[PDB]
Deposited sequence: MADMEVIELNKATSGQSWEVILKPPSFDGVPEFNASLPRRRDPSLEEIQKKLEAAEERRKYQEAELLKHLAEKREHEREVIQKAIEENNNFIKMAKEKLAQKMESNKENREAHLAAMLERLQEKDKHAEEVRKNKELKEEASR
């Protein structure tokens, strides 16, 4: 049966009041930002975002440099292959030339020695003949 009704306000399209069933056990109701602060925090976040985008691009730049180093390495290997094939072949053709000329000279010197022996035979025949009877 206990209910304290208290009229609050009355107006053109409304009416208000407070209904109190029981008063409180404990008497009494007990038991700034700045543009600069905001801006400083937003700009610090922007710098972290830009720093990580820069790190991503720095790594992509490192991949582009590596790509250039593999193209260069393949070019250098092809050039060293050419250089080695060229001097191996020049060495082989020159050794072969020295050898073939040496074999030809040795066999011609053998035939030339036969000619020296032949004139020496001719010499003895001549003194056997003539200087007789």
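Engineer: Numbering from 1, run down the deposited sequence and write out every stretch that has no C-alpha in the structure.
Structural biologist: Those parts of the chain that were deposited but carry no coordinates are 1, 33 to 41.
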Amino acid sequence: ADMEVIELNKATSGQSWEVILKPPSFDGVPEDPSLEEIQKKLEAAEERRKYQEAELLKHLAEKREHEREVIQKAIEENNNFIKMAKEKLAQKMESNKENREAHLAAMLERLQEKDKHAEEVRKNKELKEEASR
From here on, numbers count along this sequence of modelled residues.
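Engineer: Hey, does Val29 drop out of the model in a third or more of the other PDB entries compared here?
Structural biologist: Yes: coordinates for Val29 absent from at least a third of the compared entries.
Engineer: Pick between 95 to 103 and 22 to 30: the one whose mean CA B-factor in the entry is higher.
Structural biologist: It is 22 to 30.
Engineer: Per the entry's Cα B factor values, which of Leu89, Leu35, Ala61, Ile71 stands out as the maximum?
Structural biologist: Going by the entry's C-alpha B-factors, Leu35 comes out highest.
Engineer: In terms of the chain's CA B-factor thirds, is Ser16 lowest, middle or highest?
Structural biologist: Lowest third.
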